[PDB]
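S.K.: Here you go, one structure.
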Amino acid sequence: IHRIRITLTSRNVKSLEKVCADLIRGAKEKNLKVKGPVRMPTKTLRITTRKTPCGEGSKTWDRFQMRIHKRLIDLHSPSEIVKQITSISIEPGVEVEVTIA
Amino acid sequence: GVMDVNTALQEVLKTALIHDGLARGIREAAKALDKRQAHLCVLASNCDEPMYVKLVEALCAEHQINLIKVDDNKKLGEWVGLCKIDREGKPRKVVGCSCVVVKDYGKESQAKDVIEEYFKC
Amino acid sequence: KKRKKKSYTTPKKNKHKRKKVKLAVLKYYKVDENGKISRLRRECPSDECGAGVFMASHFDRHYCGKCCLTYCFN
Amino acid sequence: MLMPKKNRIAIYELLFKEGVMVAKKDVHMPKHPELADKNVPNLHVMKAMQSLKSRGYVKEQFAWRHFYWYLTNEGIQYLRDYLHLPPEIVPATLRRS
Amino acid sequence: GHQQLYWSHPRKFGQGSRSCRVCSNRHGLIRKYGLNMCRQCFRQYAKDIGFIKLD
């Protein structure tokens, strides 16, 4: 079997891109094929709430946005190198799900 | 202090009252009085009301059970620990009650043996 | 808003009265010239009922109430 | 509402063997899955704890709808000497090093 | 009364089945995305949870 999908996600795009470059460079340094970083659409969680803690005042709202950036990367490689690369002490703020399909 | 059947009945009744079920009301006490699983409780000697003691003695002798009598049951009732608020209020409980199963088979002592020997002879 | 306004209603009405008693003796079947119990009455072969509880007769409603079920033969 | 003694004795024993109790309890409902097996109404436990605080033997902290207790030597000694539960049971607040 | 009259019909779903997970307040709750706070507690903690004012 040579079908492995790794899901990368984070709120911060800097860490996401750095860890994606880490994974791609780790895959390509050793003789191995790897797909490009599929870039899934960003999810914009929107919540609007009145600023005031009471009923008085002009109706001014707060629009809190929360951006979730997620990527999927394919891998045709033995599971050993995948497990070694996954345990590379990734940067904080990034959630990773390595799936062996 | 001095070893006696009274000084052991005090401890036995205290254990059977405080621990393993408590019935300061009518239920779980009369609900255990009609189930005939009470063996030793705080009684009085030279009873001036012999009906209940005669009935309980007959019922116990039916299944070879006996009882130990100690006079002045008011002191016994005050000595079962229920002397609330130092001495203010003075709750009225002159007689004790024994719950189901005096002692388990996992814990051993020499207190149940003398009770059994007194029941038999 | 305004308060409950439930203090001045229900005139010439009294609460339901429940008798104050000291002992539960006559509640059970006690007609044996001594108040004792006989072995002729059957015991229910089920686990949901307490062993201590025994059948009793009341000229009204029933000796029950938590489950609100009449236990009489009827 | 029911006021037993041995249920509270079991709650005290679990508190001593743990330090904190883990059983969500609701005053409105008699049983909750965490509350079960320790069937004492929340109100009983927190009223007893408020009486305890008015007396004073134990430490506590509060955060986001949750209590976090700390049983020190005073509470261990008090539960030891009142309920005559012998020290054959070792407290769980001093495990390891 | 304690367990005899109540609990004889489905009523586990009303507004009283919810409260702010920070202050146990039942008014102005936020159910969206499941963080389950009131308006003001969420406004207080938005920076920490991850909601930042950009719009």
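Just so you know, the numbers here start at 1 and follow the chain as drawn.
Cβ atoms here come from the backbone N, Cα and C positions, even for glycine.
Feature table excerpt (Swiss-Prot):
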type    : residues : note
MOD_RES : A:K18    : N6-acetyllysine
MOD_RES : A:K59    : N6-acetyllysine
MOD_RES : A:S77    : phosphoserine
S.K.: What does the structure give for the C-alpha distance between A:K18 (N6-acetyllysine) and the residue listed as 'phosphoserine'? Integer Å is fine.
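M.R.: Given the Cα positions, A:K18 (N6-acetyllysine) is 22 Å from the residue listed as 'phosphoserine'.
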S.K.: Cα-Cα separation of the residue listed as 'phosphoserine' and A:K59 (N6-acetyllysine), in Å?
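M.R.: For the residue listed as 'phosphoserine' versus A:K59 (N6-acetyllysine), the Cα atoms are 57 Å apart.
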S.K.: Given the modified residues A:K18, A:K59, which one is most crowded in terms of C-beta atoms within 10 angstroms?
M.R.: A:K18
S.K.: Around A:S77 (phosphoserine), how many other CB atoms lie within 10 A of its CB?
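M.R.: A count of 16.
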